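Structure first, commentary second.
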Amino acid sequence: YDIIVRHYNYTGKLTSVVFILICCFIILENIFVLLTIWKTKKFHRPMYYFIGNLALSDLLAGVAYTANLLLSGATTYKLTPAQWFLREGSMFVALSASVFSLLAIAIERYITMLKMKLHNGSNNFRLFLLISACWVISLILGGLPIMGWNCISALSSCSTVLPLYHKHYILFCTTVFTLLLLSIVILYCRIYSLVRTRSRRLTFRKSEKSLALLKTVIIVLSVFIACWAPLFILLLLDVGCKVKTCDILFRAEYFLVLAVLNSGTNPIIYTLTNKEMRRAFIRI
Amino acid sequence: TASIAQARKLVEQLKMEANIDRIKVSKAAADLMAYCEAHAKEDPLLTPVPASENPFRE
Amino acid sequence: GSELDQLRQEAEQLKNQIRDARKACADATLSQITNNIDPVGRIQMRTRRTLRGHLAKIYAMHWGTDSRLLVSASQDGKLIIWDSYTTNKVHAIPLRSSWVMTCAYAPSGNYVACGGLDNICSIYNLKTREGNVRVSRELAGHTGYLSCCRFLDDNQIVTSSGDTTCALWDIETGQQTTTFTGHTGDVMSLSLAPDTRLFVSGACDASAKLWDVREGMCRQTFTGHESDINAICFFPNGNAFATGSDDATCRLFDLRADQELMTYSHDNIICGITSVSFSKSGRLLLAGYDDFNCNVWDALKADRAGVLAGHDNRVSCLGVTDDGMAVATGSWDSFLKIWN
Amino acid sequence: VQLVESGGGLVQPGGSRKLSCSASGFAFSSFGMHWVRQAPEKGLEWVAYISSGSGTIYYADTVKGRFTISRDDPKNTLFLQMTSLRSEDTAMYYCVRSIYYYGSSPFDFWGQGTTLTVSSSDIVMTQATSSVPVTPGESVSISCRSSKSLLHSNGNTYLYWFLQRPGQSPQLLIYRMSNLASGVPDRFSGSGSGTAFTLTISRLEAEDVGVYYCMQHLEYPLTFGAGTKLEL
Amino acid sequence: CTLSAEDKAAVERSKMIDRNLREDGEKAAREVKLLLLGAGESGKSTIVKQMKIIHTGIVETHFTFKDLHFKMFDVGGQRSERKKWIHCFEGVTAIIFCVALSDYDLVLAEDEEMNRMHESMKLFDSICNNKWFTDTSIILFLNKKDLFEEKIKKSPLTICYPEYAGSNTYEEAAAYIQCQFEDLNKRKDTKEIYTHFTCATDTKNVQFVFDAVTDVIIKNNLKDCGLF
Ligand SMILES: CC(C)Oc1ccc(-c2nc(-c3cccc4c3CC[C@@H]4NCCO)no2)cc1C#N
């Protein structure tokens, strides 16, 4: 329309086959994980519901990325600005939800390991509260640009990587992502510290499981941070760089590839780690 | 020598059971058939009953 | 040493004469005679109620005479008395030792008893003046564990202990009156006749015997199984009884003639049998297998005619009501279900 | 079991004294409690109820919001407080235990009662007559009529029946329509249809004389009858 | 609604009954339950008597240590078949097993050719390789040590064990016995065996039991959330 051609002209914005197949692979992996978790009565405790939520969330992320890549192209100029805002909202709602779930998993793990309860049975109130809070916070963070911080008048305030979004919104997203990343590491280090000290101190007279826990922590905590670093550094970089002064900013499509591939690689790590679910998958 | 008592007890039980009367198998089958065919109307398991009379309605 | 040899050959020729008389008396199987009857189409029974509230495995269940109240025991140590129609609870009788494996209900609805692994049969009173439940008597005269106990009357109880014996008790005096012996293995199953004059018990070595309460001696014995006996129930007529086993085989016997009539075995089952109960008219032989589901084995045709697979773990107890209105099954997942 | 009432004294209008009753010999923690006011030469009327565990507290429409009642489980003692007091609150006070489950017998044991003196829609249930002269050894038929169909969809009428001995507290005779209570002889029998209920006595002696009452329990605001007297 | 005046009173009874059931079902779920087994002369009596006590057929012993409630079921008076009443002990944290070191040259009664260690190993094999106890660890105890030393001093060890290459030393004999007992364990990936030698100090035995229980609890909690 009128405002769409203006912003893209101001910012200067005037190889997509393998992404479709990797996204369809992610979707099939996720619908397989859902079918595996659902049909088995053994995996019905509140623990595996977090993994199911994460799988549904990264499935939605894959579908949203597929839709965004299909709609992207020369047709972006013809569509209405609300449709564009819709695309961005969908993308943010997918990825934010995926990162948020991943934190609730660690919160539940730390709460469980904090005190020995001798049983897997627990209240579902906390589970429902965590799931609902995660989902509503993701939805609110995705829909906030529609209500306010729209960057519709100040053309200079809009970002360089993509227009129509205010810079303060990107800053807020970065400042919340860094806090989530800090909390994840804090919990995943405190749980290992707790498990090691109690076992060494209180099981002294009569190891192998401590090293396995260390390996699991140094795998899960490292795969996520190693892949979510490029997107974060690009989002902090585009803020400072001025308009038309960064050539790398124009080629920002490749950075999202590994960011969404993290969502597809999370089920592999969260399934091959434990033996029970691996045996259940082998049986199927 | 202590198994003699239990041996005499078991042989006494056997010779006592050896005096039980026997009836023809066809007669027993006919009696069972008559019994199951006589009371077949009052069995709500194999005979369907409308839900308007079942106290276990849901 | 010749006395034991001569008594052994005497017993052997007695057994030979018994089996000869048993074989000469039979002419044809029951399945051959019942070849001109229309079989039932399909027994499609859906769950109606779901009695929940237990926190452990379930080992026993009995239906009251009013066909409305039922009692169940669990390893948690409770003796909850359920209401079948409304699903509310009526009592929460606790236990001293949380190891129980049997239950019973009085024909008048007054007393409820439950044995266990502590070889002590305790009887509770439900019609006391106060609002609680008191222990009327505690019977302790057995060495092995108690397996199953049924109320013969309001003042007499018969118990099946694990030390190869069965005894009849007295409630007022508290001491056993008559003891039945003769079994070689652990007696773990018995059921009372409708007229409460005779009762049969299932041994632990492929043996089932018939006892009388008045005279108090073994009359007839039946064999034919391979592994053992695990469940016993009479025909509604009271003149025959069908027994379970562990090698996926339940059979039906006759009392007048010690012959085997029919065998209900299938080539697709290799699992044991836990509970067996007949129907109101003696046409459906319900059996609860330990492969997570039940069966609706026909009594006269020896072909399956229904499956009640609505369970999570192995079923351990099930019994039809007095009027044939519904059947209740209890599994190890602490969930009772009422099928109709 | 044993029940007794305390806190009975002359009170001027506008003054309040709490009522206390102590129960011993049973599990008070699992019995509901009913209060019953008995006016002189008049029929008794329901007052208040508390369920097991103080879950549901009910009151009467006349004294609603003016009486405060509570239970004390550790000491097995029951308390009743009122705020305002009028000239018509002069009556006897009884407490009766009641437990409700399948096959139970509510209102089984009546208390002794105390004396209180003061100096200055719903179901309508009317009994047949005031008094009947009966010579010993004859059958007696008493009819209690209601203005509503007490028969519920479940299939059981909720009309209770009990007798009061002269000078002593009344005792329950027949719950529901027909069942006999525990301890009473089998001479008493009852029947009904749903609107008109009657009771028949086979043989009458001298130790069972007094006044009769019929209670309703279908709808919660309990109402009693006028009271028919038996004359020897 | 459809319920009558007194029918709602009966429904309230179900609620309080279920509340009282749930309150007691949670109090008994936070205490450790462990089973005791052993031979007739395996010194189970001196073990159950030496340890702290607070408390025919089954016998239950209740004692507390370090804010933990332990229950010890001594199934020793059951003369019936063991395969019938063994499935009710499916849920248990540990299985205490007690044997006697000095009981290796004393033949079992009414028999002159079979040694007691043989049926001890047979019972251990039947307990460890049972289809129900495929996930519960096993704590093992050696009751006598000084009498065992005296016996290996006056009597050689080769009478009980047919093959032996070491010398008659207690330090290596105990290690050989422990390695032989730990060998009869087919499920080497789902259960572990904690061995200990019974000494005169009760504090050491109670501390060892507490340590084994804490280790089992930690392993169960780690396997609960699928962390390893
Ligand atoms: C805590 C979580 C929710 O934080 C975040 C989660 C997710 C994201 C996030 N950014 C983006 C994104 C970034 C740049 C460009 C583009 C996109 C989407 C499409 C667009 N491609 C057009 C190229 O011209 N996609 O997702 C950022 C943050 C932050 N900060």
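Residues are named by chain letter and number: chains run A, B, ... in the order of the structure tokens, numbers start at 1 in each chain, and ligands are numbered from 1 in the order shown.
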Pick out each residue of segment 5-205 of chain E that DSSP on the backbone tags as strand (DSSP E or B); I need them as a ChimeraX atom specification. /E:32-38,60-64,69-74,94-99,107,115,137-142,193-197
Next, write the just-selected residues to a file, as a compact mmCIF listing (two decimals), in the first residue's frame, keeping N, CA, C and O atoms as the atom set.
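Printed below is selection25.txt as written:
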# COMPACT_ATOMS: atom_id res chain seq x y z
N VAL E 32 10.22 -44.64 54.52
CA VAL E 32 10.95 -45.65 53.78
C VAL E 32 10.58 -47.03 54.31
O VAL E 32 10.63 -47.27 55.52
N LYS E 33 10.20 -47.93 53.40
CA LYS E 33 9.87 -49.30 53.74
C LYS E 33 10.93 -50.22 53.15
O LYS E 33 11.26 -50.11 51.97
N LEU E 34 11.45 -51.13 53.98
CA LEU E 34 12.48 -52.06 53.54
C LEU E 34 12.21 -53.44 54.11
O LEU E 34 11.82 -53.58 55.27
N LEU E 35 12.43 -54.45 53.29
CA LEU E 35 12.16 -55.84 53.62
C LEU E 35 13.42 -56.50 54.18
O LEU E 35 14.54 -56.13 53.83
N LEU E 36 13.22 -57.49 55.05
CA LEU E 36 14.32 -58.26 55.62
C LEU E 36 14.17 -59.72 55.23
O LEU E 36 13.07 -60.27 55.24
N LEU E 37 15.29 -60.35 54.87
CA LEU E 37 15.32 -61.75 54.50
C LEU E 37 16.60 -62.38 55.02
O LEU E 37 17.53 -61.69 55.45
N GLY E 38 16.65 -63.70 54.98
CA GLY E 38 17.83 -64.42 55.41
C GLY E 38 17.48 -65.85 55.76
O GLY E 38 16.32 -66.25 55.78
N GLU E 60 6.47 -56.33 62.14
CA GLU E 60 6.86 -55.00 61.70
C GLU E 60 7.60 -54.29 62.82
O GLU E 60 7.15 -54.29 63.97
N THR E 61 8.73 -53.68 62.48
CA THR E 61 9.54 -52.91 63.41
C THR E 61 9.66 -51.48 62.90
O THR E 61 10.04 -51.26 61.75
N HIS E 62 9.33 -50.52 63.75
CA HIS E 62 9.32 -49.11 63.39
C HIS E 62 10.37 -48.37 64.21
O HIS E 62 10.34 -48.42 65.45
N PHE E 63 11.28 -47.68 63.53
CA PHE E 63 12.30 -46.89 64.20
C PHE E 63 12.61 -45.67 63.35
O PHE E 63 12.38 -45.66 62.14
N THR E 64 13.16 -44.64 63.99
CA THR E 64 13.44 -43.37 63.34
C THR E 64 14.91 -43.03 63.49
O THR E 64 15.55 -43.33 64.50
N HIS E 69 11.47 -42.28 58.82
CA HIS E 69 10.71 -43.38 59.42
C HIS E 69 10.94 -44.64 58.60
O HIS E 69 10.64 -44.68 57.41
N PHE E 70 11.45 -45.68 59.26
CA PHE E 70 11.76 -46.95 58.62
C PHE E 70 10.78 -48.01 59.10
O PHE E 70 10.41 -48.03 60.28
N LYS E 71 10.37 -48.89 58.19
CA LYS E 71 9.56 -50.05 58.52
C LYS E 71 10.29 -51.30 58.06
O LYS E 71 10.77 -51.37 56.93
N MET E 72 10.39 -52.29 58.95
CA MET E 72 11.13 -53.52 58.68
C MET E 72 10.18 -54.71 58.82
O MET E 72 9.80 -55.07 59.94
N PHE E 73 9.81 -55.31 57.69
CA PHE E 73 8.93 -56.47 57.68
C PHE E 73 9.78 -57.73 57.68
O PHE E 73 10.49 -58.01 56.71
N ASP E 74 9.71 -58.49 58.77
CA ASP E 74 10.48 -59.72 58.94
C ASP E 74 9.58 -60.90 58.58
O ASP E 74 8.86 -61.43 59.42
N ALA E 94 14.25 -51.16 49.58
CA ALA E 94 15.43 -52.01 49.64
C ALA E 94 15.03 -53.39 50.12
O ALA E 94 13.90 -53.62 50.54
N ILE E 95 15.98 -54.32 50.03
CA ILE E 95 15.78 -55.71 50.46
C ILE E 95 17.01 -56.09 51.27
O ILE E 95 18.04 -56.46 50.70
N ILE E 96 16.91 -56.01 52.59
CA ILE E 96 18.02 -56.40 53.45
C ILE E 96 18.24 -57.90 53.35
O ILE E 96 17.29 -58.69 53.43
N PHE E 97 19.49 -58.30 53.17
CA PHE E 97 19.86 -59.71 53.07
C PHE E 97 21.00 -59.97 54.04
O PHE E 97 22.00 -59.24 54.04
N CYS E 98 20.85 -61.00 54.86
CA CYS E 98 21.82 -61.32 55.91
C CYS E 98 22.28 -62.76 55.76
O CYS E 98 21.46 -63.67 55.65
N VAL E 99 23.60 -62.96 55.77
CA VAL E 99 24.20 -64.28 55.75
C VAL E 99 25.30 -64.32 56.80
O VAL E 99 25.74 -63.30 57.32
N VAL E 107 27.05 -78.30 58.12
CA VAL E 107 26.08 -78.82 57.18
C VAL E 107 24.67 -78.59 57.70
O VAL E 107 24.44 -78.50 58.92
N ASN E 115 25.97 -78.36 51.77
CA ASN E 115 26.41 -77.27 52.64
C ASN E 115 25.38 -76.15 52.65
O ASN E 115 24.61 -75.97 51.70
N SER E 137 17.14 -52.19 44.73
CA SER E 137 18.49 -52.56 45.10
C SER E 137 18.48 -53.56 46.25
O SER E 137 17.45 -53.80 46.89
N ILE E 138 19.64 -54.15 46.51
CA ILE E 138 19.80 -55.16 47.55
C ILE E 138 20.95 -54.75 48.45
O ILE E 138 22.08 -54.54 47.98
N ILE E 139 20.68 -54.63 49.74
CA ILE E 139 21.69 -54.39 50.76
C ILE E 139 22.09 -55.73 51.35
O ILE E 139 21.22 -56.53 51.72
N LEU E 140 23.39 -55.98 51.45
CA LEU E 140 23.90 -57.27 51.88
C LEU E 140 24.72 -57.09 53.16
O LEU E 140 25.46 -56.11 53.29
N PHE E 141 24.56 -58.02 54.09
CA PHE E 141 25.23 -57.97 55.38
C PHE E 141 25.98 -59.27 55.63
O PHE E 141 25.49 -60.35 55.30
N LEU E 142 27.17 -59.16 56.22
CA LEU E 142 27.92 -60.32 56.69
C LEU E 142 27.93 -60.27 58.21
O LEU E 142 28.52 -59.36 58.80
N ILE E 193 24.33 -53.72 44.39
CA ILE E 193 24.47 -54.43 45.65
C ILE E 193 25.45 -53.67 46.53
O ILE E 193 26.60 -53.45 46.14
N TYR E 194 25.00 -53.27 47.71
CA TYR E 194 25.85 -52.62 48.70
C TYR E 194 26.21 -53.63 49.78
O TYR E 194 25.32 -54.12 50.49
N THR E 195 27.49 -53.93 49.92
CA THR E 195 27.96 -54.91 50.89
C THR E 195 28.52 -54.21 52.12
O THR E 195 29.02 -53.09 52.05
N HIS E 196 28.42 -54.89 53.26
CA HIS E 196 28.92 -54.37 54.52
C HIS E 196 29.17 -55.53 55.47
O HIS E 196 28.57 -56.60 55.35
N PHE E 197 30.08 -55.31 56.42
CA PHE E 197 30.44 -56.30 57.42
C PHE E 197 29.92 -55.84 58.77
O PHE E 197 30.25 -54.74 59.22
What residues of the protein or nucleic acid chains come within 6 Å of ligand 1 when you use only C-alpha atoms and all ligand atoms? Reply as a compact mmCIF listing (two decimals) with C-alpha atoms, in the first residue's frame.
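Output file result.txt is given in full below:
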# COMPACT_ATOMS: atom_id res chain seq x y z
CA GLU A 88 5.81 -10.93 12.38
CA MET A 91 6.92 -15.63 14.14
CA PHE A 92 7.48 -14.00 17.51
CA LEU A 95 9.79 -18.66 19.02
CA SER A 96 8.99 -16.82 22.25
CA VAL A 161 16.57 -5.50 9.67
CA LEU A 162 12.82 -5.03 9.16
CA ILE A 170 13.68 -5.08 20.05
CA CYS A 173 12.83 -8.55 23.67
CA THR A 174 16.62 -8.73 24.03
CA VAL A 176 13.95 -10.43 28.48
CA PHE A 177 15.80 -13.08 26.44
CA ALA A 252 19.62 -11.63 7.82
CA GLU A 253 17.65 -14.60 6.45
Please provide as JSON, numbers by chain all residues within 9 Å of residue 330 of chain C, with the sequence filter that same-chain residues fewer than 6 positions apart are discarded (counting only C-alpha atoms). {"C": [58, 59, 60, 61, 72, 311, 314, 315, 316, 317, 318, 336, 337]}
How many Å lie between atom CA of residue 176 of chain D and atom CA of residue 323 of chain C, rounded to one decimal? 25.1 Å
Sorted by chain and rising residue number, which residues of chain E lie within 7 Å of chain D, and what are their closest atom pairs and distances in Å to one decimal, counting only C-alpha atoms, as CSV?
residue,atom,partner,partner_atom,distance
E:4,CA,D:218,CA,6.4
E:5,CA,D:220,CA,5.5
E:6,CA,D:100,CA,6.7
E:9,CA,D:100,CA,6.0
E:10,CA,D:101,CA,5.0
Residues from last step as file, N, CA and C atoms, as a PDB file, in the first residue's frame:
ATOM      1  N   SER E   4     -32.396 -34.687  47.429  1.00  0.00           N
ATOM      2  CA  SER E   4     -33.398 -34.351  48.432  1.00  0.00           C
ATOM      3  C   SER E   4     -32.742 -33.585  49.581  1.00  0.00           C
ATOM      4  N   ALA E   5     -33.480 -33.412  50.679  1.00  0.00           N
ATOM      5  CA  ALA E   5     -32.958 -32.655  51.811  1.00  0.00           C
ATOM      6  C   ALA E   5     -31.866 -33.428  52.538  1.00  0.00           C
ATOM      7  N   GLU E   6     -32.102 -34.711  52.807  1.00  0.00           N
ATOM      8  CA  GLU E   6     -31.134 -35.529  53.523  1.00  0.00           C
ATOM      9  C   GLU E   6     -30.179 -36.271  52.599  1.00  0.00           C
ATOM     10  N   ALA E   9     -26.936 -34.517  52.644  1.00  0.00           N
ATOM     11  CA  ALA E   9     -26.169 -34.771  53.859  1.00  0.00           C
ATOM     12  C   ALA E   9     -25.284 -36.000  53.703  1.00  0.00           C
ATOM     13  N   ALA E  10     -25.755 -37.002  52.956  1.00  0.00           N
ATOM     14  CA  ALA E  10     -24.947 -38.195  52.730  1.00  0.00           C
ATOM     15  C   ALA E  10     -23.781 -37.904  51.794  1.00  0.00           C
TER      16      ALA E  10
END
As a ChimeraX atom specification, please: the residues near residue 17 of chain A (cut-off 12 Å, only C-alpha atoms, same-chain neighbours under 5 positions excluded). /A:22-24,66,69-70
Within 8 Å of chain B, which residues of chain C are there when counting only C-alpha atoms? Please give them as a VMD selection string. chain C and resid 3 to 4 7 to 8 10 to 11 14 to 15 18 25 to 30 33 40 43 48 to 49 85 218 to 220 237 254 256 to 259 279 to 284 324 to 326 340
Could you turn the residues from that selection into a file that holds N, CA and C atoms, as a short mmCIF file (atom, residue, chain, number, x, y, z; two decimals), in the first residue's frame?
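So the final result, stored in again_21.cif, reads:
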data_model
loop_
_atom_site.label_atom_id
_atom_site.label_comp_id
_atom_site.auth_asym_id
_atom_site.auth_seq_id
_atom_site.Cartn_x
_atom_site.Cartn_y
_atom_site.Cartn_z
N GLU C 3 4.69 -103.58 54.66
CA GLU C 3 3.38 -103.01 54.92
C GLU C 3 3.14 -101.76 54.08
N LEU C 4 4.14 -100.89 53.96
CA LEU C 4 3.98 -99.71 53.13
C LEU C 4 3.81 -100.09 51.66
N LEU C 7 0.18 -101.49 51.24
CA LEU C 7 -0.79 -100.39 51.29
C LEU C 7 -0.69 -99.51 50.05
N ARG C 8 0.52 -99.34 49.51
CA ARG C 8 0.68 -98.51 48.32
C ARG C 8 0.05 -99.18 47.10
N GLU C 10 -2.36 -101.32 47.26
CA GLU C 10 -3.79 -101.26 47.53
C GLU C 10 -4.37 -99.93 47.09
N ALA C 11 -3.72 -98.82 47.47
CA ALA C 11 -4.18 -97.51 47.04
C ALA C 11 -4.11 -97.37 45.52
N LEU C 14 -6.99 -99.24 44.07
CA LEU C 14 -8.19 -98.46 44.35
C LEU C 14 -8.34 -97.31 43.36
N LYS C 15 -7.25 -96.59 43.10
CA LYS C 15 -7.29 -95.51 42.11
C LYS C 15 -7.60 -96.05 40.73
N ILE C 18 -11.28 -96.69 40.62
CA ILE C 18 -11.98 -95.42 40.55
C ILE C 18 -11.96 -94.85 39.14
N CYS C 25 -18.60 -94.77 32.95
CA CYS C 25 -19.86 -94.07 33.15
C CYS C 25 -20.14 -93.01 32.10
N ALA C 26 -19.11 -92.47 31.46
CA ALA C 26 -19.26 -91.38 30.50
C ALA C 26 -19.49 -91.95 29.10
N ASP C 27 -20.44 -91.36 28.38
CA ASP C 27 -20.77 -91.79 27.02
C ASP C 27 -20.40 -90.77 25.96
N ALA C 28 -20.68 -89.48 26.19
CA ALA C 28 -20.36 -88.44 25.22
C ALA C 28 -20.18 -87.12 25.95
N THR C 29 -19.48 -86.20 25.30
CA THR C 29 -19.22 -84.90 25.89
C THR C 29 -20.48 -84.04 25.87
N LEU C 30 -20.44 -82.97 26.67
CA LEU C 30 -21.58 -82.05 26.72
C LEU C 30 -21.69 -81.22 25.45
N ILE C 33 -23.88 -82.85 22.80
CA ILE C 33 -25.31 -82.82 23.04
C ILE C 33 -25.87 -81.43 22.75
N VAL C 40 -25.49 -67.03 21.82
CA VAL C 40 -25.67 -65.60 21.99
C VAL C 40 -24.86 -64.85 20.94
N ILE C 43 -22.06 -59.96 23.53
CA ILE C 43 -22.32 -59.36 24.84
C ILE C 43 -21.53 -58.05 24.87
N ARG C 48 -20.55 -48.20 33.59
CA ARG C 48 -21.54 -47.26 34.09
C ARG C 48 -20.98 -46.34 35.18
N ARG C 49 -20.40 -46.91 36.22
CA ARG C 49 -19.81 -46.15 37.31
C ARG C 49 -18.32 -46.47 37.41
N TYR C 85 -25.08 -47.39 43.67
CA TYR C 85 -25.98 -46.53 42.90
C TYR C 85 -25.47 -45.09 42.84
N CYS C 218 -13.94 -85.46 53.76
CA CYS C 218 -13.89 -85.37 52.31
C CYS C 218 -14.76 -86.45 51.68
N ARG C 219 -15.56 -86.06 50.69
CA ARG C 219 -16.46 -86.98 50.00
C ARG C 219 -15.96 -87.33 48.61
N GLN C 220 -15.72 -86.32 47.77
CA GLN C 220 -15.28 -86.53 46.40
C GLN C 220 -14.11 -85.61 46.10
N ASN C 237 -27.49 -73.19 39.99
CA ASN C 237 -28.33 -74.29 40.44
C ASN C 237 -27.81 -74.88 41.74
N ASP C 254 -18.89 -81.81 37.47
CA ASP C 254 -20.20 -82.23 37.93
C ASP C 254 -20.08 -82.89 39.29
N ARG C 256 -22.68 -84.96 40.88
CA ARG C 256 -23.24 -86.31 40.93
C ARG C 256 -22.26 -87.33 40.37
N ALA C 257 -21.68 -87.04 39.21
CA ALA C 257 -20.67 -87.88 38.59
C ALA C 257 -19.38 -87.10 38.48
N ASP C 258 -18.31 -87.65 39.05
CA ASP C 258 -17.02 -86.97 39.04
C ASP C 258 -16.38 -87.05 37.66
N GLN C 259 -16.95 -86.32 36.70
CA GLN C 259 -16.48 -86.30 35.33
C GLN C 259 -16.18 -84.87 34.91
N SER C 279 -23.22 -66.46 36.03
CA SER C 279 -24.24 -65.46 35.79
C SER C 279 -25.47 -65.77 36.64
N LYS C 280 -26.54 -65.01 36.43
CA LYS C 280 -27.76 -65.22 37.20
C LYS C 280 -28.44 -66.54 36.83
N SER C 281 -28.45 -66.88 35.55
CA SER C 281 -29.10 -68.10 35.08
C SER C 281 -28.10 -69.19 34.70
N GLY C 282 -26.82 -69.00 35.00
CA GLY C 282 -25.82 -70.00 34.67
C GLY C 282 -25.55 -70.15 33.19
N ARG C 283 -25.53 -69.04 32.46
CA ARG C 283 -25.27 -69.06 31.02
C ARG C 283 -23.97 -68.37 30.63
N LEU C 284 -23.56 -67.34 31.36
CA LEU C 284 -22.32 -66.62 31.08
C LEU C 284 -21.32 -66.90 32.19
N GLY C 324 -28.43 -60.40 39.32
CA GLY C 324 -27.93 -60.34 37.96
C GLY C 324 -28.05 -59.00 37.30
N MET C 325 -28.01 -57.91 38.07
CA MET C 325 -28.18 -56.58 37.47
C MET C 325 -26.88 -56.04 36.91
N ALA C 326 -25.76 -56.29 37.60
CA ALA C 326 -24.48 -55.74 37.16
C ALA C 326 -23.36 -56.63 37.67
N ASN C 340 -22.62 -53.13 33.05
CA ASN C 340 -24.03 -53.49 32.96
C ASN C 340 -24.45 -53.69 31.51
#
For chain C, report every residue with an atom at most 10 Å from chain D (counting only C-alpha atoms), formatted as a CSV table (one decimal) with N, CA and C atoms, in the first residue's frame.
chain,number,residue,atom,x,y,z
C,69,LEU,N,-24.8,-52.5,48.2
C,69,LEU,CA,-23.6,-52.2,48.9
C,69,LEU,C,-22.5,-53.3,48.6
C,83,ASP,N,-21.2,-47.4,47.9
C,83,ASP,CA,-22.6,-47.5,47.4
C,83,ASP,C,-22.6,-47.5,45.9
C,88,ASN,N,-21.2,-42.6,46.5
C,88,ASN,CA,-20.7,-42.1,47.8
C,88,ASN,C,-20.2,-43.2,48.7
C,89,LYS,N,-19.4,-42.9,49.6
C,89,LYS,CA,-18.8,-43.8,50.6
C,89,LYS,C,-19.7,-43.8,51.9
C,90,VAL,N,-19.6,-45.0,52.6
C,90,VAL,CA,-20.4,-45.1,53.8
C,90,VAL,C,-19.5,-45.3,55.0
C,91,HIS,N,-18.3,-46.0,54.8
C,91,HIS,CA,-17.4,-46.2,56.0
C,91,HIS,C,-16.0,-46.3,55.5
C,127,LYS,N,-23.4,-52.4,63.2
C,127,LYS,CA,-24.7,-51.9,63.7
C,127,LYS,C,-24.5,-51.7,65.2
C,129,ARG,N,-24.0,-49.2,68.7
C,129,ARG,CA,-24.8,-48.1,69.3
C,129,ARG,C,-24.2,-46.7,68.9
C,130,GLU,N,-22.8,-46.7,69.0
C,130,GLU,CA,-22.1,-45.4,68.6
C,130,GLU,C,-22.0,-45.3,67.1
C,131,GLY,N,-21.2,-44.3,66.6
C,131,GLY,CA,-21.0,-44.1,65.2
C,131,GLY,C,-19.8,-44.7,64.6
C,132,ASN,N,-18.9,-45.4,65.4
C,132,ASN,CA,-17.7,-46.0,64.9
C,132,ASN,C,-17.9,-47.4,64.6
When the cut-off is 12 Å and we count only C-alpha atoms, which residues of chain C are near chain A, given as a PyMOL selection string? chain C and resi 55+311-313
Using only C-alpha atoms, find the residues of chain E whose closest atom to chain A is at most 8 Å away, then write them as a VMD selection string. chain E and resid 29 to 30 194 to 196 208 211 to 212 214 to 215 217 to 218 220 to 222 224 to 228
Counting only C-alpha atoms, give me one row per residue of chain E with an atom at most 9 Å from an atom of chain C, showing the shortest contact pair and its distance in Å to one decimal, sorted by chain then residue number, as CSV.
residue,atom,partner,partner_atom,distance
E:10,CA,C:88,CA,7.6
E:11,CA,C:88,CA,6.3
E:13,CA,C:89,CA,7.4
E:14,CA,C:89,CA,5.0
E:15,CA,C:88,CA,8.4
E:17,CA,C:92,CA,6.9
E:18,CA,C:53,CA,7.1
E:20,CA,C:92,CA,8.8
E:21,CA,C:92,CA,7.8
E:22,CA,C:53,CA,8.4
E:25,CA,C:55,CA,6.9
E:28,CA,C:76,CA,8.9
E:56,CA,C:143,CA,7.5
E:57,CA,C:118,CA,5.0
E:58,CA,C:118,CA,5.8
E:59,CA,C:118,CA,8.5
E:77,CA,C:144,CA,8.5
E:78,CA,C:144,CA,6.2
E:79,CA,C:144,CA,6.6
E:80,CA,C:144,CA,6.3
E:81,CA,C:186,CA,7.6
E:85,CA,C:117,CA,8.1
E:88,CA,C:75,CA,8.1
Residues within 10 Å of residue 8 of chain A, only C-alpha atoms, excluding chain neighbours under 4 positions, as a ChimeraX atom specification: /A:3-4,12-14,77,160,162-164
I'd like the contact shell of residue 227 of chain D - 10 Å cut-off, only C-alpha atoms, skipping same-chain residues fewer than 6 positions apart - returned as a PyMOL selection string. chain D and resi 41-44+126-131+144+163-164+210-214
Pull the helix (DSSP H, G or I) assignments for segment 89-145 of chain A out of DSSP run on the backbone, and list those residues as a PyMOL selection string. chain A and resi 89-114+124-145
Spatial neighbours of residue 168 of chain E, max dist 10 Å, only C-alpha atoms, sep filter under 4 positions, as a ChimeraX atom specification: /E:149,152-158,164,172-173
